[PDB]
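Q: just coords:
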Ligand SMILES: [Ca+2]
Ligand SMILES: [Ca+2]
Ligand SMILES: [Ca+2]
């Protein structure tokens, strides 16, 4: 039966039948957004949903027999597996993010269609060349985030009161979002010199970030 | 009469006369802005406007004879038809946006002068080589916009209460506009972990956009 | 005496003496900032200033005889003339900006010291190859500023009340500064569809500006 | 005893041992952040902290006998000295920022591990190609900072009342952070024409910065 089904899985129909379901279930998830629509056709799309989830596991089952070890060494397939798994955890118990993480299946449209895969891949492959920078920066953030927790945390605990909080605040300064009126000016009402901490921090982080962008245009 | 008028339309005088109307009507439309100017010369400029609009249809009526099917396959020509057409819809009924859309005719200064034509074209030609990335993002946006509507829209309906609103809010985060003090710090007063949604969201969307710019500095 | 003075002017000492004055009058102007310093050395500096102004008009007079027509065809020289000229308008009558505009003479450090001239020129030289874009944009800004004044200026006259005001608001949106919480969300409380005007505006204006930068990163 | 210790210092186990202490002491400093943790294992830490500092001076002492003058001509080696030095100043007295500055030793992770060294150096090496532009800007900032202090500092002394404040505010406009609703719109409630000062300032500063970025995308 193997070659029989290996001809079902590889079929242009089967793959395009999947793509057809993704665009359908996607359309169906934007409808589940409407409180109004749920009062009309709630039960329609709840069944239609459970339906698709089976179809996608049947596929991922069929997909596994045909590929065996090759399937659990394919990024795109591994993905597809995990995104269906999440979609399998019972409509109850534990966390309810799992009910929300179910919308992650529409990322299969990125998997089941090339060019998307191409472009996603094109994007990802730049990451390794950045890891050298990304490491530098994380050490940098970690260092300043400690100083800040221990320099501003007592008077300004919302923003720097915890190592995590300082990370968040520092991230926020880095995106330059409301950084002066929102943070440094307040801080300076108490700590006149806080500008000595954040201006250098901004230069560095802004400089480094600019280099990272030119690095991705040297290749 | 065809070759006669094919020599009127195609003349340098015709074109340079058209350009002369645009820059004149453009000046007249900046004057219709002043409530003062309208209490003095409102009559002058309302007539002058209908005048140019006649002249512009006469010209477009002419232009079509000289080109027939070649005209309706020219982007720039199609444009002027549509833009004059909007200017044709009566100063009444329906919407008043049509009254406002009339100022779109000043885009003819782009259509009826080269280099502009060159520059616009230069720009537009970059779009197809973005469609792969653009598609990716619009799916990403759609996915999170759904996720966000169902994670935050009950307590925070202004921002995420509706699919559309999530799109708007997510766009705003993407432009990094007042995203932390304005939206996420609030959101975290109720959902401490909201930072787990927006920081990843920000990297992805920021990353991708850096590539789309590096892509345009390659082709 | 002409070759005597052409040997005075063209001398290294002359140039290095001018540069020496600029850095001194520059230092002396940062001191006229202090209300404290002015109460202890106000006169010291005001005389020193009137002094330097002489020394620079003497120089410019010398400089002119040595170059005649070659001078009023040198940008950098013209500059120095006009900048010193400003410094010549009496401490009274007229606008008081001319008193403030005096500090523009410190830009002579750019003009009278090479490598600044180089870098400045290097910068300026990029402007012509942007005039095509810059014109495009200005037309665009002009067209939308008109639309916005007649779409939003009745209920929102601070922001869009006048054609000039619209320009400013539109500039602000383009620098993406507090555009959503600060402007469009307000505007939407009245004009729900205002988002239809500002999102496309942002796309266009942001797109164009990316091209203009990639344009520069090619020439 | 020299070649004995020269072989100890140059040993891989020596280096790897240091890198081990850094990643250990880094983890220790992040724990000193928890107010909870210090009530539990503060003592455990503070003594381990002094231990590491002992070890690190010993290393730097060893490293000097084995390099002499070659040491104090090595940037990285100099760094480590001036970093451990900081950590040597007692837990008491005059500036307590020194207790905070101790955390700068985590930058030794950059100094000891290569690749980081590589990347940091790659970053630094872009600086000299910017000094021509940096100097230009700093002169620019200085000139406008002066004009502003004397144009706006009487009514707006928070923002422009002092040369330093003008510098800060001008930096903030440059990062485009809350520059219009936050600052210029206010300023215009008194000085209608303040837009004549800041829009040009923004262009220049924005333009320049774009060139500096492209200038890097060359070298
Ligand atoms: Ca920004
Ligand atoms: Ca901002
Ligand atoms: Ca803001």
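A: Received the coordinates, thanks. Numbers count the residues shown, from 1 in each chain, chains lettered A, B, ... in the order given. Ligands and ions are numbered 1, 2, ... in the order given.
Q: what about the residue positioned nearest the centre of chain A, which SS state?
A: Residue closest to the average C-alpha location in chain A (Cα atoms, centre = their mean): residue A:104, at 9.2 Å. Put simply, residue A:104 is helix when judged by DSSP: H, G, I helix; E, B strand; the rest coil.
Q: Name all residues that make contact with it.
A: When contacts are counted by Cβ atoms under 8 Å, 6 or more residues apart in numbering or on different chains, residue A:104 touches A:83, A:86-87, B:143. Where you see a C-beta, it was placed from the backbone N, CA and C, and this is true even at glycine.
Q: let's go with 7 Å and repeat that
A: A:83, A:86 (Cβ atoms under 7 Å, 6 or more residues apart in numbering or on different chains).
Q: What's the separation between it and chain C?
A: When distance is defined by Cβ to the nearest Cβ, to the nearest Å, residue A:104 is 26 Å away from chain C.
Q: Using the record's assignment, carve chain A into domains.
A: Domain assignment for chain A by curated CATH domains gives A:1-114, A:115-219.
Q: For the longest one, what is the distance to the chain centroid?
A: Think domain A:1-114. The chain centre lies 18 Å from the centre of domain A:1-114; the measure is Cα atoms, centre = their mean, to the nearest Å.
Q: Stretch A:195-202 too?
A: 30 Å.
Q: buried residues in that stretch?
A: Within stretch A:195-202, the residues scored as buried using 16 or more other Cβ atoms under 10 Å in any protein chain shown are A:195, A:197-198, A:201-202.
Q: Which of those fall within helices?
A: If you go by DSSP state H, those have A:195, A:197-198, A:201-202 in helices.
Q: Check which helices and strands the lengthiest helix in chain A is in contact with.
A: The longest helix of chain A (DSSP H) is helix A:35-67. When contacts are defined as 3 or more Cβ pairs under 7 Å, 6 or more residues apart in numbering or on different chains; DSSP states H and E, helix A:35-67 sits against helix A:2-9, helix A:12-31, helix A:75-85.
Q: Return the residues of chain A in contact with chain B.
A: In this structure, chain A approaches chain B at residues A:29-30, A:33, A:100, A:103, A:106-107, A:109-110, A:115-116, A:119, A:123, A:126, A:168, A:171-172, A:175, A:177-178, A:182, A:213, A:216-217, judged by Cβ under 7 Å from any Cβ of the partner chain.
Q: got a list of what residue A:38 touches?
A: residue A:32.
Q: what's residue A:32 sitting at in phi/psi?
A: phi -70, psi -10 (degrees, to the nearest 10).
Q: Go ahead and confirm it touches residue A:43.
A: No: Residue A:32 lies out of contact with residue A:43 (Cβ atoms under 7 Å); the separation is 11.7 Å.
Q: So which of those two has more stuff around it?
A: Ranked by neighbour count (other Cβ atoms under 10 Å in any protein chain shown), residue A:32 and residue A:43 place residue A:32 first, with 18 against 9.
Q: what number of residues lie near the residue in chain A positioned nearest to ligand 3?
A: Nearest residue of chain A to ligand 3 (Cβ to the ion) works out as residue A:178 at 4.3 Å. Residues contacting residue A:178 under the criterion other Cβ under 10 Å number 23.
Q: How about residue A:58?
A: Applying other Cβ under 10 Å, we find 10 residues neighbouring residue A:58.
Q: now do residue A:40
A: 11.
Q: cool, and residue A:152?
A: 23.
Q: so who does it touch?
A: Contacts of residue A:152 by Cβ under 7 Å, 6+ apart are A:160, A:187, A:191.
Q: Grab the nearest non-local neighbour of the residue of chain A closest to ligand 3.
A: Setting aside the residues directly before and after it, residue A:178 is nearest to residue B:181 in space (Cβ to Cβ, 6 or more residues apart in numbering or on different chains), at 4.7 Å.
Q: Many thanks, I have nothing further to ask.
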